[PDB]
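Chains, contacts and geometry: an overview
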Amino acid sequence: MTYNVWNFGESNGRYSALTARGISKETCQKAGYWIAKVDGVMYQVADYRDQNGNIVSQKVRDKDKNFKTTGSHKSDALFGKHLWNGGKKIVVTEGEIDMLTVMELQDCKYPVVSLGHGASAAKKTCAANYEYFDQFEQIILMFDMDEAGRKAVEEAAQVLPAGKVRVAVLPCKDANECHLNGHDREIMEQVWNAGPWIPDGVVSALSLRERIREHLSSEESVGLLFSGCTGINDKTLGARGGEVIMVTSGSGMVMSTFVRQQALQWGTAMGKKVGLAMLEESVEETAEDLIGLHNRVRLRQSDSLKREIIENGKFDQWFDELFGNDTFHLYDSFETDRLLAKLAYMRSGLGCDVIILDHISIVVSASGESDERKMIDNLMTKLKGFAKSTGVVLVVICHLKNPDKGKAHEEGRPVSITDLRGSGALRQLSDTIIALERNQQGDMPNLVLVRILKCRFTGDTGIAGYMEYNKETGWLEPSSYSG
Amino acid sequence: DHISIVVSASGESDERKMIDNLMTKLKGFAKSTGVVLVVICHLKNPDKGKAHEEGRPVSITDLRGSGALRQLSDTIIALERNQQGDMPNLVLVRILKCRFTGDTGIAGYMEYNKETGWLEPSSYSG
Amino acid sequence: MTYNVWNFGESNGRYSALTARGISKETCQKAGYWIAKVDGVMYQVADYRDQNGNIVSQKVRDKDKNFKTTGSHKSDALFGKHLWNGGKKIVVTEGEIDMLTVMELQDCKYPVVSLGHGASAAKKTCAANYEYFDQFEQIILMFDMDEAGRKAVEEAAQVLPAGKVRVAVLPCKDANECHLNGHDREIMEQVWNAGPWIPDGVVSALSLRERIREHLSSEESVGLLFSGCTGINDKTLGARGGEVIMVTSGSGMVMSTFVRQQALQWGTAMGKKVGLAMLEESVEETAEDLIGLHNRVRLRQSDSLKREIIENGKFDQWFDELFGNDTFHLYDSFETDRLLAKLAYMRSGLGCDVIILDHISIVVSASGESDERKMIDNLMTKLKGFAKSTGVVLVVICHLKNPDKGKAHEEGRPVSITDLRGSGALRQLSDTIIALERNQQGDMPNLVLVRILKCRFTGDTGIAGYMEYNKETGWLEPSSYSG
């Protein structure tokens with residue numbers, strides 16, 4: 001069986017004053033700190049009783065700094081616990097001697113208990129007692145003023161009830177080191193009105209002034225302005241980093257131009273480094289398309305001119321002109337995880353601030369899996385993550401499913417977010433949705449409309465303007481147009 | 001703001017179920033401590049004809065979750081806005097529920113000032 | 001394959017007398033209770049054969065109380081079955097040993113068989129054998145004299161043929177406990193001419209005189225008149241006890257008032273004790289709503305007046321006034337079975353004659369189960385039972401599913417029983433259905449219609465009158481209105 005609880009008298013017990021600690025005799029008497037002496041040597045005995053009054057366990061000391069624990073010292077032991085059942089405020093100290101201290105300074109009139117295994121078992125001993133401690137209005141953790149002692153406080157309050165915990169802050173190691181000639185009045189100023197908290201994520205507004213100011217200057221409102229239709233800008237205020245812009249529309253190559261145009265100037269007029277994953281076409285191809293675009297000439301789309309500028313040096317000239325500022329970089333192909341990784345190193349290694357991903361519809365490689373409905377969404381998220389996690393601007397192109405209802409896409413028919421592809425991810429995760437409509441058999445077969453289908457940052461949405469295709473130069477030029 | 005985000009303890013199925021679990025801890029927190037707990041929550045998307053920006057009214061059936069909120073919540077205020085219409089800036093307010101009074105229904109209108117950023121109160125009815 | 005049937009001789013078989021049970025050697029021999037011994041230990045083998053004579057299965061025992069079942073023990077196994085094909089009377093015992101017993105006491109001259117899986121499979125084993133048992137004039141169920149043993153009898157007779165079953169009633173647990181020194185003659189007095197009972201719910205008219213007389217005086221044609229719209233009364237003739245009135249309607253708080261109002265007048269005007277389970281709100285809340293309603297003032301809905309009557313004594317006054325006739329009693333909350341039980345004790349213990357159950361839609365606690373569609377019904381019945389079984393008047397509020405069809409509920413849209421929630425149980429089990437409609441955006445946004453959707457007792461149904469909400473007093477006042 002377990003070590004018998006030590007009988008008072010059996011062991012030559014006296015309630016004497018701890019002269020070495022400035023704890024009065026009357027004090028030791030109330031908390032149950034008695035001085036026995038068995039088989040010769042004189043031991044210091046701390047009487048742990050439950051709320052019912054009965055002595056359940058003992059912690060005994062000898063001079064040299066040893067111990068001996070009697071009874072059954074359960075995981076919820078609190079020395080002094082039996083004295084208080086309720087109250088407006090209970091101090092909780094690390095050790096028995098420190099409990100005796102607060103019990104003095106206060107003429108033993110208010111509640112103090114000490115941790116049963118104190119030091120390390122701050123978390124366990126505490127949560128074991130949630131109910132007992134909730135009996136009081138505020139719980140004042142007066143623990144050791146050291147490395148592991150502040151830690152104890154932390155782990156303690158984590159498991160302790162609600163907004164009741166307040167940390168004690170003393171001038172020395174513990175509440176007794178203070179008493180032992182020093183600052184009784186310092187311990188006092190804590191028992192009444194200590195410092196109340198732990199909150200590792202709660203953050204009063206007042207305490208954000210600075211973070212906000214620096215935010216306001218740093219981050220930018222008018223991030224990177226859409227080109228070829230002020231309107232897009234007016235409504236969306238641009239492409240802020242870490243957003244996810246999503247261009248969409250009918251048969252739109254109109255769509256793949258629009259995105260190209262943006263790429264173009266962003267990496268030229270603006271300083272920004274554009275990264276391009278044009279999954280549809282080759283990396284040489286898209287480069288040509290850029291160059292020709294930049295020179296307002298339909299380059300690939302002309303045998304004669306290709307030959308011309310190869311020979312007349314204009315190629316190498318135009319090439320330098322556009323590209324020689326290490327600002328455009330392309331993912332060149334032949335998975336989802338695999339792609340996303342490449343995209344990331346564009347952001348992280350070459351540090352471009354825009355990544356244009358032309359045409360999400362192409363998932364590709366890891367084949368044994370059902371609906372593109374579902375998967376489109378899975379990728380969607382990794383993307384938005386990439387986006388917000390790294391602050392890169394992610395333009396993502398995306399093609400439309402086809403009505404089943406009367407007028408087609410080349411018949412102009414407007415698009416809504418319902419009209420949307422996917423099964424919700426993009427319809428959600430994307431920050432601005434720009435749609436471009438084009439009724440290629442009509443009044444202005446080259447006229448294309450721009451709907452802002454959505455825009456977190458402003459929520460100003462709708463028809464936002466018009467552009468016109470220049471079959472000739474290859475640009476989406478801005479156009480006069482309304483009612 | 002915005003219950004739809006559960007977040008961190010990953011090995012567990014339907015947000016259907018879990019939404020409810022949190023719901024309760026919340027209603028507990030609430031009633032247990034008398035704090036007023038406003039909880040924002042976003043809508044699942046019809047499958048039926050007219051979308052959200054087409055104004056389409058919302059019912060408690062129309063509700064997300066799988067019952068906890070549809071229950072545990074004391075007042076449900078919904079706001080509708082047909083952002084492609086006559087008043088794209090006009091927004092309707094249904095009281096979808098209100099224990100304390102049970103007087104429910106259309107409860108008034110507001111208008112978005114794209115300019116000041118406020119939901120201004122508005123003149124409106126039949 | 002399945003456990004081989006145990007060969008007699010292969011296993012060291014003897015037809016020995018069970019000295020422990022007062023079953024003779026000659027007895028065990030006829031029914032096929034033999035004593036083998038395989039691989040060392042000595043087993044007791046019961047030979048189950050079909051009506052054709054062939055051994056189809058074995059139930060083997062060892063000392064310590066174990067088993068081992070040979071052959072194919074079909075769901076229709078009867079030990080002893082092969083011995084009798086026809087007769088004037090066949091005893092049917094729970095286990096093999098008890099069969100051996102009756103087979104003694106009778107010098108094995110009459111028929112006894114024992115249940116194949118006895119105990120629990122009383123229902124299945126029996127109905128599996130309808131034909132076999134119908135071969136006899138009367139079937140004497142001599143089962144265990146305990147909890148599950150009387151149950152066995154019950155489930156058994158249910159599936160057994162016509163007016164043939166008669167229950168055996170012995171002085172001890174089973175027919176063998178009797179034999180094992182006690183009352184052989186007690187077993188005998190049952191085998192011949194014992195109890196024949198099975199009508200636990202059939203009830204000849206003659207034998208209802210008293211129950212009828214006392215009904216006729218107790219429960220009233222015009223049982224409890226609905227208040228606030230003669231009409232409800234004119235058509236339904238009131239809320240007769242044992243009925244289940246069902247109040248339903250759109251968003252209707254109108255509904256929760258109407259019910260409240262009735263609670264009010266029955267518990268004050270009329271002598272009747274009302275019991276309320278207002279599951280939606282607190283018990284204090286509903287109490288206030290009553291008081292306020294009784295005093296024609298919107299009590300909870302007014303800071304000022306609350307304060308006023310707390311101080312000016314009017315509260316304690318009003319409270320006594322309304323309540324102090326021990327006439328209102330409330331279920332106060334934080335399962336289905338669990339609720340039903342509480343409501344029962346209101347009926348049975350405090351003896352209220354109406355119980356109002358606000359808002360069936362709330363099922364609550366026993367979670368692992370599908371459609372509220374189905375469950376709503378399951379509760380529905382327990383309730384109707386409660387009702388008829390105890391004569392309490394059970395008003396049950398219930399809320400409406402929402403159209404999908406054009407005009408909503410606040411648009412007045414009338415309601416039909418199709419319009420009904422549930423999946424049939426209320427649409428059925430409820431005796432009167434009162435619906436209230438209110439077009440809260442219209443000509444009389446305070447005008448509310450009352451349809452009687454159904455009324456067994458009279459079957460006079462339809463539009464039955466109008467009331468008007470007094471936003472000011474809180475009441476559903478009666479109103480002038482028609483074509």
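Each residue takes a number counted from 1 along its chain in the order the sequence is written, a numbering that need not match the entry; residues with no coordinates do not appear. Lettering of chains starts at A and numbering of ligands starts at 1, both following the order in which they are written. In this view, a larger assembly is represented only partially, and all stated values concern the represented chains. Side-chain metrics rest on all non-hydrogen atoms present in the structure, leaving aside hydrogens and water. Residues with missing side-chain atoms are left out of burial classes, side-chain pairs and their counts.

1. Brief notes about the overall build of chain B
A run of H or I in DSSP counts as a helix once it spans at least four residues, and a run of E counts as a strand once it spans at least two, with each numbered from the N terminus. Helix and strand counts for chain B come out as 2 helices and 4 strands. The secondary structure elements of chain B, listed N-terminal to C-terminal, are α-α-β-β-β-β. Each of the three principal axes of chain B carries a C-alpha extent, and together these read 45 × 35 × 30 Å. Burial here depends on accessible area, computed with a 1.4 Å probe over protein chains only, as a share of the maximum for the residue type. Under 20% is buried, over 50% is exposed, and the range in between is partly exposed. A total of 126 residues make up chain B; the buried ones form 30% of that total. Contacts: residue pairs with any heavy atoms within 4.5 Å of one another. Long-range contacts, defined as pairs at least 24 residues apart, comprise 35% of the intrachain contacts of chain B with a sequence gap of at least 6.

2. Considerations on the sheet that holds strand β4 (residues 66–71) of chain C
Residues and elements named next belong to chain C. Two strands are said to pair when DSSP picks up at least two bridges between them. A sheet is described by the order of its strands in space; here 4 strands give the open sequence β1-β2-β3-β4, paired in antiparallel fashion. Because the sheet does not close on itself, it has two edges, and the strands there are β1 (33–35) and β4. Ignoring strand direction, the axes of neighbouring strands in this sheet form an average angle of 25 degrees. Both strand β2 (residues 44–49) and strand β3 (residues 55–62) contribute to a ladder of 6 bridges, which runs antiparallel. If you follow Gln44 over to β3, its bridge partner there is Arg61. For helices, the fitted line uses only the C-alpha atoms of the stretch in contact; every axis is such a line through C-alpha atoms, and the angle between N-to-C directions lies from 0 to 180 degrees. Against the sheet, helix α2 (residues 96–105) makes contact with β1, β2 and β3, and its axis sits at roughly 80 degrees relative to β2, the strand it touches most.

3. Description of the packing of helix α12 (residues 303–311) of chain C against helix α13 (residues 314–323) of chain C
Describing two packed helices takes the angle between their axes plus the distance from one axis to the other. All names here are of chain C. Following both chains from N to C, one finds α12 and α13 inclined at 85 degrees, their axes separated by 5 Å at the closest point. Between α12 and α13, the crossing angle belongs to the class labelled roughly perpendicular. Of the residues in α13, those touching α12 at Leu305, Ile309 and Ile310 are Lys314, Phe315 and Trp318. If an angle is under 35 degrees, it is roughly parallel; if it is over 145, roughly antiparallel; if it lies from 65 to 115, roughly perpendicular; otherwise it is oblique.

4. Things to note about the pairing of strand β6 (residues 87–93) of chain A
Residues and elements named next belong to chain A. By the bridge criterion, 6 bridges tie β6 to strand β8 (residues 136–142) in an arrangement that is parallel. Among the inter-strand pairings, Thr93 is bridged to a residue of β8, identified as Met142. Pairing between β6 and strand β7 (residues 112–115): 3 bridges, direction parallel. Each bridged residue has a counterpart across the sheet, and for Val92 the counterpart in β7 is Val113.

5. Brief notes about the side chain of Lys164 of chain C
For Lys164 of chain C, the location among the structural elements is in the loop between α5 (147–159) and β9 (165–167). Think of a polar contact as two N or O atoms within 3.5 Å of one another; within protein, one of them needs to be a possible hydrogen donor and the other a possible acceptor, and neighboring residues in sequence only count if both atoms come from side chains. Separated by 2.7 Å, the side chains of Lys164 of chain C and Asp134 of chain C make a polar contact.

6. Considering the interface of chain C and chain B
Taken together, the contact between chain C and chain B spans 9 residues of the former and 7 residues of the latter. Of all residues in chain C, the largest losses of buried area upon contact with chain B belong to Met253, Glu280 and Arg300 of chain C, amounting jointly to 41% of the total for that side. The term salt bridge refers to a side-chain nitrogen of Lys or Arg lying within 4 Å of a carboxyl oxygen of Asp or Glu. For the pair chain C and chain B, the number of links is 1 salt bridge. Between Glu285 of chain C and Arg99 of chain B there is a salt bridge whose closest N-O contact spans 3.8 Å. Applying the counting rule to chain C against chain B returns 4 residue pairs in polar contact. Its residues assigned to classes, the side of chain C that touches chain B shows 2 nonpolar, 3 polar and 4 charged. Here the quantity called buried area is the accessible surface, traced with a 1.4 Å probe, that two parts lose on coming together, added over both. Just so you know the grouping, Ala, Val, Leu, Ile, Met, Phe, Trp, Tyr, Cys and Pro go in nonpolar, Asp, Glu, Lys and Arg go in charged, and all remaining residues, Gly too, go in polar.

7. As for the environment of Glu243 of chain C
Residues and elements named next belong to chain C. Counting through the fold element by element, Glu243 comes out in the loop between α9 (232–236) and β10 (244–249). Each C-alpha atom of the pair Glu243 and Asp98 lies 49 Å from the other, and the pair is 145 residues apart in sequence. Apart from the residues lying within four places of it in its own chain, the contact partners of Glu243 are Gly238, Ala387, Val392, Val393, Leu394, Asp431, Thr432 and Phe457. A polar atom in the side chain of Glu243 sits 2.8 Å from the side chain of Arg240.

8. Section: the interface of chain B and chain A
In this assembly, 5 residues from chain B lie in contact with 6 residues from chain A. The contact between chain B and chain A buries some 340 Å² in all, and 40% of this surface belongs to carbon and sulfur atoms. When the area that chain B buries against chain A is broken down by residue, the three leading residues are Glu53, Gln83 and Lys114 of chain B, summing to 58%. For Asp460 of chain A, the salt bridge is made with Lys114 of chain B, and the minimal N-O distance between the two is 3.0 Å. For the pair chain B and chain A, the interface holds 1 residue pair in polar contact. Split by residue class, the side of chain B that touches chain A holds 1 nonpolar, 1 polar and 3 charged.

9. Details of a nonpolar patch on the surface
Residue and element names in this part refer to chain B. Patches draw on residues past 30% relative accessible area with no salt bridge. Two like charges within 9 Å are joined, as are two nonpolar side chains (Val, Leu, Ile, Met, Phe, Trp, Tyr) within 5 Å. Note on areas: these come from Shrake-Rupley sampling with a 1.4 Å probe, and a residue is covered only by the protein chains present in the view. A cluster of nonpolar side chains, namely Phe29, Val35, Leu37 and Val39, defines an oily patch on the protein surface of about 300 Å² accessible area. Locating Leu37 in the fold gives a position in the loop between α1 (15–33) and α2 (68–72). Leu37 sits in the partly exposed class, given a relative accessible area of 35%.

10. Side note on the packing of helix α14 (residues 336–348) of chain C against helix α15 (residues 372–390) of chain C
All names here are of chain C. Interhelical geometry of α14 versus α15 gives an angle of 15 degrees and a closest axis separation of 11 Å. In terms of orientation, α14 and α15 fall into the roughly parallel class. Of the two elements, α14 crosses α15, and the hand of that crossing is right-handed. Along the contact surface, α14 presents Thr336, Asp337, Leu340, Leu343, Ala344 and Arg347, while α15 presents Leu379, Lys382, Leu383, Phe386 and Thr390. Residue composition of the contact of α14 with α15, by class: 6 nonpolar, 2 polar and 3 charged. Handedness of a helix crossing follows the sense of rotation of the near helix relative to the far helix, less than a right angle counterclockwise being left-handed and clockwise being right-handed.

11. Comments concerning the sheet that holds strand β12 (residues 328–330) of chain C
Residue and element names in this part refer to chain C. Spatial ordering of the open sheet is given by β12-β11-β13-β14-β10-β15-β16-β17-β18, a layout of 9 strands whose pairing is mixed. The open sheet has two edge strands with one neighbour each: β12 and β18 (476–479). The average angle at which neighbouring strand axes cross in this sheet is 25 degrees, direction not considered. Bridging between strand β11 (residues 274–278) and β12 involves 3 bridges; their strand directions are parallel. Its bridge partner lying in β12, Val274 is registered against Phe328. Across the sheet, α14 is in contact with β11, β12, β13 (354–358) and β14 (393–399); its angle to β13 comes to roughly 155 degrees.

12. A look at the environment of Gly465 of chain A
Considering the arrangement of structural elements, one finds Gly465 of chain A in strand β17 (residues 462–469). Measuring from C-alpha to C-alpha, the distance between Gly465 of chain A and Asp443 of chain A comes to 17 Å, with 22 residues separating the pair along the chain.

13. A few points about the arrangement of the chains
The interface with the most contacts, out of 2 pairs of chains in contact, is the one formed by chains B and C. At the level of C-alpha atoms, the two units chain A and chain C stay apart, their nearest approach being 20 Å.

14. Structural notes on the pairing of strand β10 (residues 244–249) of chain A
Residues and elements named next belong to chain A. The buried count for β10 comes to 6 of 6 residues, which makes it a mostly enclosed element. Where burial is concerned, the two faces of β10 agree: the one with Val244, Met246 and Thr248 and the one with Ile245, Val247 and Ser249 are both buried. Of the strand pairs in this sheet, β10 and strand β14 (residues 393–399) are connected by 6 bridges, and their pairing is parallel. Pairing of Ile245 across the sheet is with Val395, part of β14.

15. What to know about the pattern of salt bridges
Taken as a whole and assessed by the stated rule, the structure comprises 54 salt bridges over all chains. Note that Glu285 of chain A is salt-bridged to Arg300 of chain A, the shortest N-O span being 3.6 Å. Highlighted residues: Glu285 of chain A in helix α11 (residues 283–294) and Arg300 of chain A in the loop between α11 and α12 (303–311), separated in sequence by 15 residues. Exposure remark for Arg300 of chain A: the relative accessible area of 27% places this residue in the partly exposed category. The shortest N-O distance in the salt bridge between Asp14 of chain B and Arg16 of chain B comes to 3.2 Å. Given the relative accessible area of 54%, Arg16 of chain B is considered exposed. Overlapping salt bridges, with partners in common, bring together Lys27, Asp74 and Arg99 of chain B together with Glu285, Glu288, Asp289 and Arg300 of chain C in one network.

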